[PDB]
Protein chains: 2
Amino acid sequence: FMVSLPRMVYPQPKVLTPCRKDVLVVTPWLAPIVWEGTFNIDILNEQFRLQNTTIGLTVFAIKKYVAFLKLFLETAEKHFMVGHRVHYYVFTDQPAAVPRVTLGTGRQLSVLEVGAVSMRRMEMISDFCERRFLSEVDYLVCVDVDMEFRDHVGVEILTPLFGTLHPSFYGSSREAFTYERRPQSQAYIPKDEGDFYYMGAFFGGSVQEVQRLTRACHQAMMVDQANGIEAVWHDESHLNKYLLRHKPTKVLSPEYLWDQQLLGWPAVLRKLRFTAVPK
Amino acid sequence: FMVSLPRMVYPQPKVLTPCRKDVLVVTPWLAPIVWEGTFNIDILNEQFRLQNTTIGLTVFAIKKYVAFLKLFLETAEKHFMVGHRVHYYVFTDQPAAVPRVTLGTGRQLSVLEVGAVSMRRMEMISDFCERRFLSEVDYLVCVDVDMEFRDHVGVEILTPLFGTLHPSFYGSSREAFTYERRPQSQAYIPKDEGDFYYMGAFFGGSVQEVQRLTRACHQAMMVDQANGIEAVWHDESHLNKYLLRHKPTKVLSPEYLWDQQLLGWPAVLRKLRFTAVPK
Ligand SMILES: O=c1ccn([C@@H]2O[C@H](COP(=O)(O)OP(=O)(O)O[C@H]3O[C@H](CO)[C@H](O)[C@H](O)[C@H]3O)[C@@H](O)[C@H]2O)c(=O)[nH]1
Ligand SMILES: O=c1ccn([C@@H]2O[C@H](COP(=O)(O)OP(=O)(O)O[C@H]3O[C@H](CO)[C@H](O)[C@H](O)[C@H]3O)[C@@H](O)[C@H]2O)c(=O)[nH]1
Ligand SMILES: [Mn+2]
Ligand SMILES: [Mn+2]
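Procedures and definitions
Residues numbered from 1 in each chain as written, not as in the entry; some residues may be left out. Chains lettered and ligands numbered in written order. Heavy atoms only, no water. Residues with missing side-chain atoms left out of burial classes, pairs and counts. Helix = DSSP H or I, 4+ residues; strand = E, 2+ residues; numbered from the N terminus. Rg over C-alpha atoms; globule rule 2.2 N^0.38 Å. Donors = N, O, S within 2.8 Å, 3.2 Å for Na, K, Ca; no water. Buried < 20%, exposed > 50% of the residue type's maximum accessible area, 1.4 Å probe, protein only. Polar contact = N/O pair within 3.5 Å; in protein donor to acceptor, adjacent residues only side chain to side chain. Near = heavy atom within 4 Å. Areas by Shrake-Rupley, 256 points an atom, 1.4 Å probe, with all protein chains shown as cover. Nonpolar A, V, L, I, M, F, W, Y, C, P; charged D, E, K, R; others polar. Least-squares fit on C-alpha atoms. Contact = heavy atoms within 4.5 Å. Pairing = 2+ DSSP bridges. Right-handed = clockwise from strand over helix to strand, strands pointing away.

As recorded in the PDB header, X-ray crystallography is the method behind this entry, and the stated resolution is 1.4000 Å.

Here you go:
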């Protein structure tokens, strides 16, 4: 049950004035594509705070990648779901290397130790922490650690299932996408199929939908392993196959996954929100 | 649980090419606004057929308005949710005046007799047929009878909660909207509030959300009656108040509720789908 929004004063949306004319803001299956200028964050914040929404954020920091945690977490505190309930889940082989980061109120961090590559992330999210995530959070957001937040990443992303447009491929035609192209792989996508190329570094949704996605990808990766094949881009190849066959209910624009050193700051990006750190 | 979509061949959506540049296609709360060119109906049909979706359509035909049923139903057979399961619910004071209309396979019609204005529709949808609708259909669509279908009205509209832009007000600023303006009415909306002016003639959603809306509107109308006030546009005024405080998850463009005699055929409408019949 959703209680009423309070009175709010904000600019009237105008039917004959688009928010953005330079980009696609809705997919052909009627999922919003999230760009700056498409959302009023005050309305969304109200809607999600009225539901007392809790967001879980999973991040893996294994071997040398523990070095990225301090900047990742400190910038998440500045920019990620501020004002909402957040539970960070840090999967690591080195619990003692997790930096002590000061958190805002209503935010918590759990260190989840894993044993000392390819299948780990999907397997861990789907086999290991199922009951815990279902009890503790409403949405799960699953991101790479070799990253920093530079600008707002908030409840505009939340939806039953989302993926994020890969920053190197958003202008590419589907035949150029680096999908798995061998029919012997479960991740196979023919050259005449595909909506978008989603990056493995930022996906999410409701706990149920994320567990479905990660379970399916893990099972598909296990089939490939049994058949002696490894998809060209590993879990990203499987993620792409899953999201082709199970359409996401929002798609995040490359504002949400960018590499400025590689790709600069194109006119189409009004904000760079979550960006690669050099490695 | 949603099974996988099959392989499909269709045009690739292109991120740097909008579907429509002349209209707003997403609200500031990230609800799609449904216009021609924004959706691939083949993808949507697959998604909804895989769930074996059943759509209930409620229509009231009381007193002289029984005359509109033949054209309403015959054109609904041509254009409304064709290929999907449909259950028509015809509320009337004259069961014997309901025309015998031949239905396509997977479609059924029930005549629901009511006693021989203002509060009837919201009351009937919310108090009377609650358990029945919950058992029989997945979505409810609630429309005026003084109408005909001229073009496709399909699963692109389906969502937890939708309203439809009134054809006379889609270009209007909010101060011009004919919302109830007296603070003594439960339907009151001040001049600095409002997203859109929705028409009472086409709303819907999941059965649960439609029952919530109609219950709230009925209760609000009963409060007004007890206080000796009747909102300026009756149930439409209350519908507008509800949808201001409970944002719809899709908004239908005026393609879905048009009067060609009154308003012609503007460039912004590529299709006229559901249109007023003279009276
Ligand atoms: O030694 C490692 C390697 C990786 N990671 C974790 O795995 C994430 C992904 O690895 P990278 O950041 O090194 O890789 P990319 O940003 O290039 O990710 C892409 O390339 C990967 C292969 O290197 C996979 O194919 C993945 O699906 C694809 O999105 C990291 O952020 C980190 O969270 C570790 O913790 N330790
Ligand atoms: O004698 C009647 C009158 C109305 N109706 C039913 O009520 C629907 C709505 O009535 P109208 O079509 O006459 O009215 P509008 O199309 O002008 O509807 C608008 O005006 C109404 C007042 O006339 C209400 O305010 C309503 O909320 C608003 O959308 C009809 O389609 C019909 O389904 C009947 O069955 N019999
Ligand atoms: Mn990375
Ligand atoms: Mn009418």
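*Asks:* So what about the overall build of chain A? Which residues, and what values?
*Replies:* Within chain A, the regular secondary structure consists of seven helices and ten strands. Here the C-alpha radius of gyration of chain A, 19 Å, is about what a compact globule of 279 residues would show, namely 19 Å. Taking the principal axes of the C-alpha coordinates as reference, chain A spans close to 60 × 45 × 40 Å.

*Asks:* How would you summarise the coordination of the manganese ion (ligand 4) if you had to cite specific residues and measurements?
*Replies:* Surrounding the manganese ion (ligand 4) are the protein donor atoms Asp 144 of chain B (OD), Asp 146 of chain B (OD) and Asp 146 of chain B (OD), at 2.1 to 2.4 Å. The exposure class assigned to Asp 146 of chain B is buried, which follows from its relative accessible area of 8%.

*Asks:* How would you sum up the side chain of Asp 93 of chain A? Please name residues and give values.
*Replies:* Note on placement: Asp 93 of chain A falls in the loop between strand 3 (85-92) and strand 4 (107-113). A distance of 3.0 Å separates a polar atom in the side chain of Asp 93 of chain A from the backbone nitrogen of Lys 63 of chain A.

*Asks:* So what's going on with the site of ligand 1? Which residues, and what values?
*Replies:* All names here are of chain A. Taken together, 14 residues form the shell around ligand 1, and within it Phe 60, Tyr 65, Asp 146, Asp 235 and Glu 236 come nearest. The side chain of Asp 235 places a nitrogen or oxygen atom 2.7 Å from an oxygen atom of ligand 1. The separation between an oxygen atom of ligand 1 and a polar side-chain atom of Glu 236 is 2.7 Å. Against a free-state accessible area of 680 Å², the protein chains account for coverage of 74% of ligand 1. Among the secondary structure elements, those contributing two or more residues to the shell around ligand 1 are strand 2 (54-61) and helix 6 (234-245). If you tally residues by element for the shell around ligand 1, the top one is helix 6, at three residues. The residue inventory of the shell around ligand 1, partitioned by class, reads six nonpolar, two polar and six charged.

*Asks:* Can you tell me about the relation of the copies chain B and chain A, naming the residues and giving the values?
*Replies:* Screw-axis analysis of chain B against chain A gives a translation of 0.0 Å along the axis, an RMSD of 0.0 Å, and a rotation angle of 180°. The relationship between the two copies is best expressed as a two-fold rotation axis. Taking the C-alpha atom as reference, chain B places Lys 21 of chain B closest to the rotation axis, 2.6 Å from it. A shared binding surface is used by both copies, with 100% of the interface residues of chain B retained as interface residues in chain A.

*Asks:* Give me the lowdown on the pairing of strand 3 of chain A, citing residues and values where you can.
*Replies:* Residue and element names in this part refer to chain A. Taking burial as the measure, the eight residues of strand 3 include seven buried ones, the bulk of the element. As paired elements, strand 2 and strand 3 share eight bridges and run parallel to each other. Bridge pairing in strand 3 links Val 59 to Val 90. In this view, the connection linking strand 2 to its parallel neighbour strand 3 by way of helix 2 (residues 69-79) has right-handed handedness.

*Asks:* Requested: an account of the site of ligand 2, with residues and values cited.
*Replies:* Residue and element names in this part refer to chain B. As a structural note, the neighbourhood of ligand 2 is formed by 14 residues, with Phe 60, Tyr 65, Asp 146, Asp 235 and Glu 236 the closest of them. Here an oxygen atom of ligand 2 and a backbone polar atom of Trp 233 are 2.8 Å apart. Note that an oxygen atom of ligand 2 is positioned 2.7 Å from one of the side-chain N or O atoms of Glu 236. Look at ligand 2: alone it shows 680 Å² of surface, and the protein chains cover 75% of it. For the shell around ligand 2, the elements supplying multiple residues, two or more each, are strand 2 (54-61) and helix 6 (234-245).

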